[PDB]
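*Asks:* Experimental coordinates for this protein are included below, preceded by the sequence.
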Amino acid sequence: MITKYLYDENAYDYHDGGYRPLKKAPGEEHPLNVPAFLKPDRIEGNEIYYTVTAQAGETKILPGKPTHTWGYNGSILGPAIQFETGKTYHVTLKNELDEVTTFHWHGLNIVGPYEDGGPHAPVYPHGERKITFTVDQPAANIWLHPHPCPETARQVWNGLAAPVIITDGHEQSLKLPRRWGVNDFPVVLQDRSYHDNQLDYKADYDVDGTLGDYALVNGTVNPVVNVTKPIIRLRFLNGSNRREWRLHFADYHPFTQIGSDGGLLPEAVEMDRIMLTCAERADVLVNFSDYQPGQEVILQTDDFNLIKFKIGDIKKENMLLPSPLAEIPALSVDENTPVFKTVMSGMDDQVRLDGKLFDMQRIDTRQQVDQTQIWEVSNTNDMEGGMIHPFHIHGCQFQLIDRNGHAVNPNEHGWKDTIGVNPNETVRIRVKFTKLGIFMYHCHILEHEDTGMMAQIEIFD
Ligand SMILES: [Cu+2]
Ligand SMILES: [Cu+2]
Ligand SMILES: [Cu+2]
Ligand SMILES: [Cu+2]
């Protein structure tokens, strides 16, 4: 059982001068918002048609005035979007905002740079963009967020993000907690400050990554979950601009991680804490069968109360998973397997990828399709006052080899698309790109990304 946070304590977010801790949001406690699933516009057998509109609205978060928020098909965040492996999807992307945006599917394997929804894929105000893809990757917790250069940090701050679920035959075979909103929860973790009961990104802006005073979970404050059934699935996503989340129950109740960014783990991992850098997902099961019907269990990040689990008339149930949990195909790495070294350096405004800022017309690397590649990703920052950069690659899922030549963390034997790189650390990963086109890689601290800590790979035959 993992009893440690698996990232270097020396480099955590709370060591920075100008680090602002979470504080209690005012008003009554609310039941956790669970977004309803996006309904298909039309289903011609095996082909599904979705419409996703970026739009401004008003959300009751704090008591008093409603907050002016941006959302997808709603006032804030978006609906749950279900994809199935094998199915083909025709998505209409509509921009009903008064500025340019983009529709990036973080963790989806699709052609770039237009289908992918990078900064080369603008949708102009009152504009329409139709895309077509076939989902061909395992069941995973994925997400959609705007990705225009360099307005990404602000557009996510204003509320544009949506949890996305890929499901497959195998994941359904496990018979996990499936009752959406009772058994099975999306937990989108965000942090926002309010003045006038309103968002103001310019006011709160930090170059080194913007922090919020109040914890936003699925766009609700002071969230509560009423445990009907004892075994509950929590699909954690760190949707924050910069803030790391060090999740644990107040009494360090154990829980089981079953999923990473790119699908189910090969084996279930028991633990009593977990740390998520930006854009990382953790799929965990919690057995509340342990507690009595009248009790209250509080989920915390550090010493801050995040979400209260009010246990109701619960019936005893033993939580048993298979070993192995899932079969992950190993990528074959031989002696003539090409290596590519990328160096994350600098902090605040001095942040660089291989010493360069992002240019939309410059291709930084070129790699071959369907041939597995090794990547040495290095964080050059000083272990003294350094920073954990969450490194992400578009249009793929990769496997870890080592962290500084040593063994990989217990929750990284599966598929990932973003990894936290500690100061003075070089991570070894192997990746086989399946789709042709131009793809981006960058730090997933949205202010570092906006500054230009981003580069482009072309994939060719
Ligand atoms: Cu992303
Ligand atoms: Cu992405
Ligand atoms: Cu960074
Ligand atoms: Cu990106």
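*Replies:* Sure, I can see it. Residues are numbered from 1 along each chain as shown. Ligands and ions are numbered 1, 2, ... in the order given.

*Asks:* Spatially nearest residue to the closest residue to ligand 2 within the stretch 351-461 of the chain (excluding sequence neighbours)?
*Replies:* Nearest residue of the stretch 351-461 of the chain to ligand 2: residue 394, at 4.8 Å (Cβ to the ion). For every residue, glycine as well, the C-beta is placed using N, CA and C. Spatial nearest neighbour of residue 394, excluding adjacent residues (Cβ to Cβ, 6 or more residues apart in numbering): residue 439 at 4.2 Å.

*Asks:* Can the helix or strand hosting that neighbour be said to contact ligand 1?
*Replies:* Assigned by DSSP states H and E, residue 439 belongs to strand 437-443. No - judged by Cβ under 5 Å from the ion, strand 437-443 and ligand 1 are separated, with a smallest distance of 8.9 Å.

*Asks:* hmm, the helix or strand following that strand touching ligand 2?
*Replies:* Going down the chain from strand 437-443, the next helix or strand is helix 446-451, by DSSP H and E. No - using Cβ under 5 Å from the ion, we find that helix 446-451 stays clear of ligand 2, coming within 10.1 Å at best.

*Asks:* is helix 446-451 anywhere near ligand 1?
*Replies:* No - applying Cβ under 5 Å from the ion, one finds helix 446-451 out of contact with ligand 1, separated by at least 8.7 Å.

*Asks:* repeat for stretch 413-421
*Replies:* No - applying Cβ under 5 Å from the ion, one finds stretch 413-421 out of contact with ligand 1, separated by at least 7.4 Å.

*Asks:* That stretch spans what distance, first to last residue?
*Replies:* Using Cα to Cα, to the nearest Å, one end of stretch 413-421 lies 16 Å from the other.

*Asks:* Check whether it comes near ligand 3.
*Replies:* No - using Cβ under 5 Å from the ion, stretch 413-421 stays clear of ligand 3, with a minimum separation of 8.7 Å.

*Asks:* heads up, I number from 10, so please use that
*Replies:* Right, with 10 as the first residue, what we last looked at is stretch 422-430.

*Asks:* ok, that stretch near ligand 2 or not?
*Replies:* No - using Cβ under 5 Å from the ion, stretch 422-430 stays clear of ligand 2, with a minimum separation of 6.8 Å.

*Asks:* about what we covered before: quick one: contacts for the residue of the stretch 360-470 of the chain closest to ligand 2?
*Replies:* Neighbouring residues of residue 403 by Cβ atoms under 8 Å, 6 or more residues apart in numbering: 113, 121, 125, 127, 448-450.

*Asks:* Now tabulate those residues in TSV and tack on neighbour count and distance to ligand 3.
*Replies:* As requested, these are exported to TSV (neighbours: other Cβ atoms under 10 Å; distance: Cβ to the ion, whole Å):
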residue	neighbour count	distance to ligand 3
113	22	18
121	24	21
125	27	21
127	25	18
448	24	19
449	24	14
450	22	12
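
*Asks:* Between which two of these is the distance greatest?
*Replies:* 113 and 450 (13.1 Å; Cβ to Cβ).

*Asks:* gap between residue 38 and ligand 1?
*Replies:* 30 Å (Cβ to the ion, to the nearest Å).

*Asks:* so that residue makes contact with residue 317?
*Replies:* Yes - using Cβ atoms under 8 Å, residue 38 makes contact with residue 317 at a distance of 6.7 Å.

*Asks:* Return every residue with contacts to both of the two.
*Replies:* 232-233.

*Asks:* More neighbours: which of those two?
*Replies:* residue 317 (17 against 13; other Cβ atoms under 10 Å).

*Asks:* That one pairs with what?
*Replies:* Residue 317 has the following beta-bridge partners by DSSP bridges: residue 233, residue 307.

*Asks:* what's it in contact with, if anything?
*Replies:* Taking Cβ under 8 Å, 6+ apart as the test, what residue 317 contacts is 38, 232-234, 305-308.

*Asks:* rerun that using 6 Å as the cut-off
*Replies:* 233, 305, 307 (Cβ atoms under 6 Å, 6 or more residues apart in numbering).

*Asks:* Helices along the stretch 210-359 of the chain, start to end?
*Replies:* Per DSSP state H, counting those that start in this stretch, the stretch 210-359 of the chain carries helices over the ranges 210-213.

*Asks:* hang on, isn't residue 452 packed against residue 461?
*Replies:* No - the pair residue 452 / residue 461 is not scored as a contact, 10.2 Å apart, by Cβ atoms under 6 Å.

*Asks:* Those two: which is more packed in?
*Replies:* residue 452 (26 against 17).

*Asks:* The more buried one pairs with what?
*Replies:* residue 400.

*Asks:* May I have stretch 78-87 exported as PDB, CA atoms only?
*Replies:* In PDB, the C-alpha atoms belonging to stretch 78-87 read as follows (Å, rounded to 0.1, in the frame of the first residue of the first chain):
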ATOM      1  CA  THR A  78     -19.200  31.700 -16.800                       C
ATOM      2  CA  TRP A  79     -18.300  30.100 -20.100                       C
ATOM      3  CA  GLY A  80     -19.300  26.500 -20.800                       C
ATOM      4  CA  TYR A  81     -20.000  23.800 -23.500                       C
ATOM      5  CA  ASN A  82     -23.800  23.200 -24.000                       C
ATOM      6  CA  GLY A  83     -24.400  25.000 -20.700                       C
ATOM      7  CA  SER A  84     -23.300  27.900 -18.300                       C
ATOM      8  CA  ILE A  85     -20.000  26.300 -16.900                       C
ATOM      9  CA  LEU A  86     -17.700  23.300 -17.700                       C
ATOM     10  CA  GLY A  87     -19.600  20.900 -20.100                       C
END
